[PDB]
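Novice:
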Amino acid sequence: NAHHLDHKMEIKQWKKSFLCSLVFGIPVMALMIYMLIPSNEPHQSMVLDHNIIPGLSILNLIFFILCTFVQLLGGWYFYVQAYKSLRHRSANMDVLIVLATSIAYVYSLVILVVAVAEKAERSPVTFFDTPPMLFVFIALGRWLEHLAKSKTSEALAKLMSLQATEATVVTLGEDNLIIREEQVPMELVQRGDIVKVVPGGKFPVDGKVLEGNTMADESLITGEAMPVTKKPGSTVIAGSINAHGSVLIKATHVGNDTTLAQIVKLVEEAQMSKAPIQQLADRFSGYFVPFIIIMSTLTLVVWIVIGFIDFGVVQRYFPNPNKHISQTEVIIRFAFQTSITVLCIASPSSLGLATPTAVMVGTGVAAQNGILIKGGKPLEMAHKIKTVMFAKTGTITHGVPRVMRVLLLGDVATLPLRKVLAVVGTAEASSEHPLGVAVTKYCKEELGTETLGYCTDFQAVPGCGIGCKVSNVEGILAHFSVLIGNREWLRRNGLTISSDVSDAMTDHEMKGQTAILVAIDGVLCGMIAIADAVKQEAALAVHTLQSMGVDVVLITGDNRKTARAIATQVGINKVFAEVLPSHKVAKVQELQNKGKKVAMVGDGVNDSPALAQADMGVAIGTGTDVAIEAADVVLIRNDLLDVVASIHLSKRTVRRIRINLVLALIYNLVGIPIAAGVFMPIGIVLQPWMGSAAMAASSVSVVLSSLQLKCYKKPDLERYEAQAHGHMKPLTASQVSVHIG
């Protein structure tokens, strides 16, 4: 487990290989620098290059000895990978390395065999010091870029290796009295067991608190910086840290069913859906290396043909025609040096891993603050979103309503205040709507009676209203056809509604207090007020998106007047009201009909068809419920500011996508003419050993450009109302547009 993300074996192997290459690279460095820097009073004027036999200088013998070893002791790895790639129908960078070393060991050996055969008094300059300098600067570069590839998977490494493996289960007799205790392994612990915890221990299972009061912190899991207080009957998370003594819990989710496993599963899969930009960078990177061979070997022919056709062109560029070197023996060597440098300076890895490292670092940084962007396609999608769509219930409001004002409009004598709420409560209890549970709990806490009536013929039409009959209500009396719905609910059954009550119910409707209609047995019993408080983060979340340049729009199933009432409370322009949850897609299909990219800020299971139809889905508030298929962006914390911080961070990751792909093209397209030998007129050309040190400092530089994303402080509140200070205006409902048709 986590060995794929560890990179430990590659680090060990490349460090060992680099240390193995160092012991042979240091002597070549020492000899080259000793020959390079002259002394003021040399002992014998560099005696170390005294020829022993005509053709083979004593320095070239040492270089040959030191290079043959490295050719077959430190270079068989690249030979093996090149052979295994030639077994395939494609190539690799190891093909380039094998070519660059084979040429430098074949031509530089033929040029010395020729000098030995002709018994020349001077041993020519040979390409025998570059293979000892190629591998050190390649092994070091690979070791450093693998080390920098780590610390990109730091989030995944700290998340996967976060859950515990031993849990202290306990058996309770009747009143949590201890029967025995064991430490069951995680591989076989089952749901329903009772697990204790030690002071300072972990909460390894998602479950419910049995008894005892204790606060725990799970900052490394979700991201909050405060220890949440837990009471008997609350929910614990798998991975937290116990603080106060021992608590007893009942297991609910064990194994892959826990949230942390779901988070890891989602993050890992996020880097699988490659964006079309990555697909294009893959299609043009398959035909990249053969382009390098074809274009490099063209230079080798070019220099030779220009030398044999017009040697006088380069004659002025070659300073010293000596007796030991002919006009041809100098053009050939330069042609081969340039040819080797061209295909030894290209860095395909800087173009291959340009995007994936940036995507991985961005996703990992996001996952540390609750933001849980999935897929590579939504990453670049957030760059080109013009319009964002918001939901009302569960996204901008808290989600927990209550009852504020209750009035009676019928007759007090036959419909007293004691049973009018009881009948509607026992009617709505059969409904699962949050309105029903809110009114039922309000009635229970107000009347104080644990009992209720009985409801029959419970007809429930979603989005419009309900109708039923209630009886057996005499239980609370010791201390009836019912139709509940909206304004149009009581029209199609032919029952009138007065105008004053319509004015009365609109009085609280303007204030964001949605008011439900009560009518039992054809009598206008009274009017009921319900509302949900908008989160305090709604004012600034929209204000930034409009400031950033992304259009906003609200969709909601309630009536039109509440839509404008709730729009001004947050500051939206266009709103979609009077929509039943049947379609949810006709609205997206007409925002997207213009050709724009649309993204809905949903709430979870209730908006699955709309989020899937939309290009980007924001599932906010889905605490401990990460498993969502329709949405492509999931937010663990119910924090509306994170919507800003998701697109804000997504563009930054996409910003580094191009930067990495530009440094991978600048380096290649600038590294060719310098290596191609076009800079003889200026007078700067590269020895091949300098063509690999530039490659090592390229792959690391690409990765080090990605690790700069990790130093991303999460913008807290005080930063947000800093750039949003002084320019923000709440628009009235007069400048508000609504749906058409």
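The sequence shown lines up with residues 637 to 1115, 1144 to 1405 when you count with the UniProt record's numbering. In this text, a Cβ means the ideal position worked out from N, Cα and C, and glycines have one as well.
Do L896 and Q799 have their CB atoms nearer than 7 Å?
Specialist: yes
Novice: Kindly give me the distance between the Cβ atoms of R827 and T865, rounded to whole angstroms, as I take these residues to be in contact under 8 Å.
Specialist: Incorrect: roughly 25 Å between the Cβ atoms, too far for contact.
Novice: Return helix, strand or coil for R1156, following the three-state DSSP convention.
Specialist: coil
Novice: What ranges does the beta strand (DSSP E) occupy inside the region 1010-1084, keeping only unbroken runs of at least 3 residues that lie completely in it?
Specialist: 1023-1027, 1038-1044
Novice: How about the region 762-779 and the region 801-808: do they share at least three Cβ pairs that are nearer than 8 Å?
Specialist: no
Novice: For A1027, count the other beta carbons within 10 Å of its own beta carbon; 16 or more makes it buried, fewer makes it exposed. Which is it?
Specialist: buried
Novice: Just mark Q1399 as buried or exposed, buried being the case when its beta carbon has 16 or more other beta carbons within 10 Å.
Specialist: exposed
Novice: So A638 and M769 are supposed to be a Cβ contact under 8 Å. How far apart are they, rounded?
Specialist: Contact doesn't hold; Cβ gap of about 37 Å is too wide.
Novice: In whole angstroms, what is the alpha-carbon distance linking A1283 and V1298?
Specialist: Rounded to whole angstroms, the separation of the alpha carbons of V1298 and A1283 is 5 Å.
Novice: Does the Cβ of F699 have 16 or more other Cβ atoms within 10 Å, making it buried, or fewer, making it exposed?
Specialist: Buried: at least 16 other Cβ atoms inside 10 Å.
Novice: Run through the DSSP bridge pairs and tell me what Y1090 is partnered with.
Specialist: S1107
Novice: Taking the straight line between their C-alpha atoms, what separation do you get for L672 and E757?
Specialist: 22 Å
Novice: For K1077, which residues in the same chain have their Cβ closer than 8 Å to its Cβ, ignoring the five residues on either side in sequence?
Specialist: Excluding positions up to five away in sequence, the list is empty.
Novice: If you compare alpha carbons, which of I976, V978, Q951 is closest to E965?
Specialist: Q951
Novice: Taking 6 Å as the limit between beta carbons, can you name the residues of its chain near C1091, skipping five residues before and five after?
Specialist: Sequence-distant partners of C1091 (beyond 5 residues in either direction) whose C-beta falls short of 6 Å from its own C-beta, in its chain, are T1062, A1063, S1066, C1104, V1106.
Novice: Once DSSP output is grouped into helix, strand and coil, what is the label at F764?
Specialist: coil
Novice: Starting from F1240, follow the alpha helix (DSSP H) in both directions and report where the run begins and ends.
Specialist: No alpha helix (DSSP H) holds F1240; the beta strand (DSSP E) holding it covers 1238-1240.
Novice: Looking only at C-alpha atoms, which of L1327, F924, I1009 sits nearest to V1290?
Specialist: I1009
Novice: Do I1321 and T807 come within 7 Å of each other at the CB atom, strictly closer than that value?
Specialist: no
Novice: Pairing CB atoms from the region 972-983 with CB atoms from the region 873-882, are three or more of them under 8 Å?
Specialist: no
Novice: Taking 8 Å as the cut-off, does the region 1327-1343 touch the region 739-752 (at least 3 CB pairs, one atom from each stretch)?
Specialist: Too few Cβ pairs lie closer than 8 Å, so no.
Novice: Going by DSSP, what residues sit across from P840 in a beta bridge?
Specialist: Per DSSP, none; premise fails for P840.
Novice: Run through the region 772-845 for me and flag every whole beta strand (DSSP E) of 3 or more residues, listed as ranges in chain order.
Specialist: 802-808, 814-821, 830-832
Novice: Please state if the CB of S1314 and the CB of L1113 are separated by a distance shorter than 7 Å.
Specialist: No; because the gap between Cβ atoms is not below 7 Å, this pair is not in contact.
Novice: With DSSP as the reference, please indicate the residues paired to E847 in a beta bridge.
Specialist: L884
Novice: For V1182, does the three-state DSSP call read helix, strand or coil?
Specialist: strand
Novice: Beta-carbon within less than 6 Å of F1240's beta-carbon, same chain only, minus the 5 sequence neighbours each way: which residues are those?
Specialist: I1219, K1251, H1403
Novice: Across which residues does DSSP place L1218 in a beta bridge pair?
Specialist: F1026, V1239
Novice: From the DSSP output, in three-state form, read off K866 for me.
Specialist: strand
Novice: Kindly list the residues whose CB is nearer than 6 Å to the CB of residue 1127, restricted to its own chain and excluding five residues on each side of it in sequence; keep chain order.
Specialist: Within the chain, the sequence of modelled residues goes 1115 then 1144, so residue 1127 has no position in this structure.
Novice: If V1024 and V1060 are in contact, beta carbons under 8 Å, what's the gap, nearest whole angstrom?
Specialist: In fact, because the Cβ distance is near 38 Å, the residues do not count as touching under 8 Å.
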